[PDB]
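Worksheet: the structure to be examined is printed underneath.
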Amino acid sequence: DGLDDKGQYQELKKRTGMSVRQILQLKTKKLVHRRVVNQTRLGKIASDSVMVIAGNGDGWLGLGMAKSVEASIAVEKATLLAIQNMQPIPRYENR
Amino acid sequence: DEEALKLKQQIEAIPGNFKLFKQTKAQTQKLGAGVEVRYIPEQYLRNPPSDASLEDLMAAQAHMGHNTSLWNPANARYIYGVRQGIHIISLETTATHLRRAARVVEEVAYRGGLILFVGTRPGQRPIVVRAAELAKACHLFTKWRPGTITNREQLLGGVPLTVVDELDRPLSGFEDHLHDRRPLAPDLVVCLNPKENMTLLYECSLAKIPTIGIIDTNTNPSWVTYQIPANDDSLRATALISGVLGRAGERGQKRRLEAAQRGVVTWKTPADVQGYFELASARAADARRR
Amino acid sequence: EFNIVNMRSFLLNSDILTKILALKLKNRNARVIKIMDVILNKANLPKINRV
Amino acid sequence: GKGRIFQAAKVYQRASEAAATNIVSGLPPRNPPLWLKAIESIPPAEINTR
Amino acid sequence: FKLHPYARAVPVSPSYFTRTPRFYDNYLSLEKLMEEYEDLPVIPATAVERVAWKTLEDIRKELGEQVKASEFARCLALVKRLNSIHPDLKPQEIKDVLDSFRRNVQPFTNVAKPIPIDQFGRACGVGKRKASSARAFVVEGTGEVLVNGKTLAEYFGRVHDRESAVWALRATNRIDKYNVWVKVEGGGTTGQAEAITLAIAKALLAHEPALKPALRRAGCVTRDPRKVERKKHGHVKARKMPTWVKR
RNA sequence: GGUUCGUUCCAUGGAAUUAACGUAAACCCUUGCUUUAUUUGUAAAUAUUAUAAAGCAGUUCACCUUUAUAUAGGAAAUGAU
Ligand SMILES: [K+]
Ligand SMILES: [Mg+2]
Ligand SMILES: [Mg+2]
Ligand SMILES: [Mg+2]
Ligand SMILES: [Mg+2]
């Protein structure tokens, strides 16, 4: 339905196996955003390490971490990497 | 002239001699007395046993552990003692664990599960291939490419699949599903040398896949789900275990298919194919309305 | 004499492709890195055997 | 710590919980793996106990 | 009309998780044929007809896989072993399997045209050296040589060139049995002198083709491809660079 | 760890599988050869200089040596070419 006009969720649509509209109902939130730097033969190379958490709000939480020179791609990586790492968390009385 | 002409006669006489020699071999080959042949090297492949006793396991050197110095004290539960400088694995512990794995390989095959027999050693190729034929499973006799389970989307990308019904006969109409479906993963791995390939067993524990392994005295028993304490360095003990597990799968597939003929399916559509069905109805609903 | 050819997709010609992307970036609030991915995503490559 | 966390003995406990509920709240859980019921009554043996 | 209620994806080949599925499937078939037809007699190696088996690259391309050279080396040994079976005793299954490994490659054929001899007995050999092209008309004679109408002395003022022009006839000791009428164009003194060497040699071979082994060691059969290198921008000459100032 | 002009190739590693650019290949000139065309170029001519379109060609074959038997290398005016 045009929800994913970039194609980033297609690769994830196979691992977890659920519609793209259902991937947008998950609660995502960027938690950490580090500005790391690697010294190379061509000078400093600054990257953006981010950690994103994904959960449906009913006992599933996934943690993902990725980095890239672009802050936009680093968040989309962890987002996809966190939705596929979701695991059931036991909760007493769901509270 | 006369020298090379001799070969022409010999090369032309091989068919006649072979036929005559084959016939003569059926006349006087067995006349003296009956030989009590009770062991043939290639007997675990031509006709493996359904169940291994203590005599079979001992004769196959399934109790020879590694040097006492090179041991993992974690698996001190299966050791019987010490002799000839090596640890002797208990023949009873090897049989009880082998009978349990056979019950695991049988049920997984009874529920339509995909088994994988993994033995990667110089001479373990005929054993694994034979076990797979019986259990209708997949074989692997070379270095397991790291990531074939956790990174299956890339490694097993172009490998073809097929959809089969209860009676294992292919179904038509899943052409669009076999292009977006992601590659498969073994529902059960049977490693004949867990000490060698730990990258495979780790992907199974990381992907929640049961495993069966032959734990030698120096192998870490926490690498698999169902251990089989035995000698993995012996080519004669591995062919016996694989035969038992191979026959277990065969006996499991027989029950599954025999039950299908009675309209009793021992398994339900996997989640992956299940989701495709729901989308099919959604797309079909539009045709009904429109 | 004119020989105007009609293109089905705007990716089969670099002249048409570089102008569409340019008009998209002229907006002050244009997301550069995102406008490029939406165009690449529309460029389908044929299945091939890398071997 | 050169070793790795091997959870091969809990593949059932882990798979049984991940298949109990659905990630998409409001829908029934999809069918579990074909091996979840085969080893339902065949737990692993106790390892690492001197 | 709808889909079957029960369905599950199953791999086609049993070698689904191997490095090269399509290859092993064909390799296990050979191992299977080498188990039931192993009792058949063999033929000595010297009596096996030469066969051009496919190379490692051909299998990689037809199978679309990356088969290891070591794993293929052992699969090829089975092909050579199964090929040793006696033809009359060899079954039809092995024959078909062995016909898929034959390499049907034919190298391109480029046969040079032989230099003819005119009705009057004059063969025209062509030789070039770095700027020029000669045309020697060698005939049976007393040993007269005319380079472009003039004699060998009135054309080449340097005896080093006279000996190099008719070196072919000198190494073979036939200066006194052939008459040459050369016609050169372009190049310089040495460029034309050495050009005539390859012309008379080629023309001489038209009369006595058995002299090539001698002209080979005399150096009158090889065409020297050395050529003046072009001038390159930034250089004073082909390679001479201008002065470099560090400061 | 070997080998290669070369992250080339082979083998192997308790983690690898791959994509793009450079590299390589290919391209233009040049070299031998085949076919085509013969003017404004070529003495004649049954076509051989020149002109210029296309195609083929190499480390190919032979000889010697060769590791883990997996990948090869050497010899350079007196093997062929
Ligand atoms: K020409
Ligand atoms: Mg061992
Ligand atoms: Mg100069
Ligand atoms: Mg590698
Ligand atoms: Mg280049």
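FYI, it's all coordinate maths here, none of it is from the lab. Every residue, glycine as well, gets a Cβ built from its backbone with ideal geometry; the counts of neighbours run over all protein chains shown.
Points worth noting:
- Region D:1-26: number of residues that are within 8 Å of chain B (Cβ to nearest Cβ) and not hydrophobic (A, V, I, L, M, F, W, C): 4
- Scope region E:198-237; condition assigned to a helix (DSSP H, G or I) and more than 13 Å from RNA strand F (Cβ to nearest atom); matching residues: E:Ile200, E:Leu204, E:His207
- The conditions of being near RNA strand F (Cβ under 9 Å from one of its atoms), out of contact with any helix residue (DSSP H, G or I) (no Cβ under 8 Å at 6 or more places or on another chain) and more than 21 Å from E:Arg158 (Cα to Cα) are not met by E:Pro242.
- Applying the set (1) away from RNA strand F (no atom under 16 Å from the Cβ); (2) of a type outside the set (A, V, I, L, M, F, W, C); (3) touching a helix residue (DSSP H, G or I) at 6+ places or on another chain (Cβ under 9 Å) to B:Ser172 leaves exactly one unmet item: (3).
- Residues considered: E:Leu78, E:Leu40. Of these, the only one that is touching a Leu at 6+ places or on another chain (Cβ under 7 Å), away from ligand 3 (no atom under 16 Å from the Cβ), away from chain C (no Cβ under 14 Å) and part of a helix (DSSP H, G or I) is E:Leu78.
- The lone exception for A:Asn38 - which of (1) surrounded by 12 or more Cβ atoms within 10 Å (Cβ to Cβ); (2) away from every other protein chain (no Cβ under 14 Å) it fails: (1)
- Within this structure, E:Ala165 passes the test of being surrounded by 11 or more Cβ atoms within 10 Å (Cβ to Cβ), away from RNA strand F (no atom under 13 Å from the Cβ) and not aromatic (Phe, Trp, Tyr).
Every residue, every condition in (1) surrounded by 10 or more Cβ atoms within 10 Å (Cβ to Cβ); (2) closer than 30 Å to B:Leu235 by Cα; (3) within 14 Å of chain E (Cβ to nearest Cβ), yes or no:
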| site | (1), (2), (3) |
| --- | --- |
| B:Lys19 | yes, no, yes |
| B:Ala26 | no, no, yes |
| B:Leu31 | no, no, no |
| B:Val35 | no, yes, no |
| B:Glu42 | yes, yes, yes |
| B:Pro48 | yes, yes, no |
| B:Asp51 | yes, yes, no |
| B:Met58 | yes, yes, no |
| B:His66 | yes, yes, no |
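- Elements of type strands (runs of 3 or more DSSP E) in region B:72-155, at least 1 residues being under 12 Å from the mean Cα position of the chain (by Cα) and facing another protein chain (nearest Cβ under 9 Å): B:115-118, B:138-140
- Any hit, region E:45-68, residues being away from chain C (no Cβ under 14 Å), outside any helix (DSSP H, G or I), among the hydroxyl-bearing types (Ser, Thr, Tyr) and away from ligand 3 (no atom under 16 Å from the Cβ): yes
- Exactly one residue out of D:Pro29, D:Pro33 is assigned to a loop (DSSP other than H, G, I, E, B) and more than 7 Å from every other protein chain (Cβ to nearest Cβ), and it is D:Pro29.
- Hey, E:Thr18 β-branched (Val, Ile, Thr), away from chain C (no Cβ under 14 Å) and exposed (fewer than 12 other Cβ atoms within 10 Å of the Cβ) or not: no
- Which numbered condition B:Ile214 fails, given (1) more than 8 Å from chain D (Cβ to nearest Cβ); (2) touching a residue at least 40 places away in the same chain (Cβ under 8 Å); (3) over 28 Å from E:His4 (Cβ atoms): (2)
- Among the residues listed as E:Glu154, E:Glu194, the single one being farther than 23 Å from E:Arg223 by Cα, of a type in the set (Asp, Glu) and part of a helix (DSSP H, G or I): E:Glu154
- Residue within region E:216-233 that is surrounded by 11 or more Cβ atoms within 10 Å (Cβ to Cβ), of a type in the set (A, V, I, L, M), out of contact with any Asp or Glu (no Cβ under 9 Å at 6 or more places or on another chain) and closer than 27 Å to E:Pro114 by Cβ present: yes
- The residue that is farthest from RNA strand F (Cβ to nearest atom), counting only those in region B:219-242 that are of a type outside the set (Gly, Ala, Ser) and more than 14 Å from chain D (Cβ to nearest Cβ), is B:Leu240.
- Helices (runs of 4 or more DSSP H) completely within region A:3-95 that count 2 or more residues being basic (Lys, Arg): A:10-15
- Checked against (1) of a type outside the set (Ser, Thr, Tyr); (2) near RNA strand F (Cβ under 10 Å from one of its atoms); (3) touching a strand residue (DSSP E or B) at 6+ places or on another chain (Cβ under 8 Å), B:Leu161 meets all criteria but (2).
- Residues of region B:201-211 that turn out to be of a type in the set (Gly, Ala, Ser) and within 8 Å of chain D (Cβ to nearest Cβ), as a count: 1
- For region B:248-282, filtering for residues that are surrounded by 10 or more Cβ atoms within 10 Å (Cβ to Cβ), among the basic types (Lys, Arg) and free of Cβ contacts under 8 Å to residues at least 60 places away in the same chain leaves 2.
- Selection from region B:243-278 of residues that are within 12 Å of chain D (Cβ to nearest Cβ), in contact with an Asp or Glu (Cβ under 8 Å, 6 or more places away or on another chain) and among the hydrophobic types (A, V, I, L, M, F, W, C): B:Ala248, B:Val265
- Checking the stated criteria, E:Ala134 turns out not to satisfy the condition of being small (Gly, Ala, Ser) and not in a strand (DSSP E or B).
- Region E:213-232 - residue that is within 16 Å of ligand 3 (Cβ to nearest atom) and not β-branched (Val, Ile, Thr) and, of those, farthest from E:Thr190 (Cα to Cα): E:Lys232
- Within region B:1-66, helices (runs of 4 or more DSSP H) holding 2 or more residues that are farther than 30 Å from B:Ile214 by Cβ: B:2-24
- Complete set of residues in region B:163-196 that are within 16 Å of ligand 2 (Cβ to nearest atom) and surrounded by fewer than 22 Cβ atoms within 10 Å (Cβ to Cβ): B:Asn193, B:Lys195, B:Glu196
- For first residues located in region E:226-245 and of a type in the set (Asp, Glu), partners that are part of a loop (DSSP other than H, G, I, E, B) and within 13 Å of RNA strand F (Cβ to nearest atom) and lie 6+ apart or on another chain with Cβ distances below 7 Å form the pairs E:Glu229/E:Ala238.
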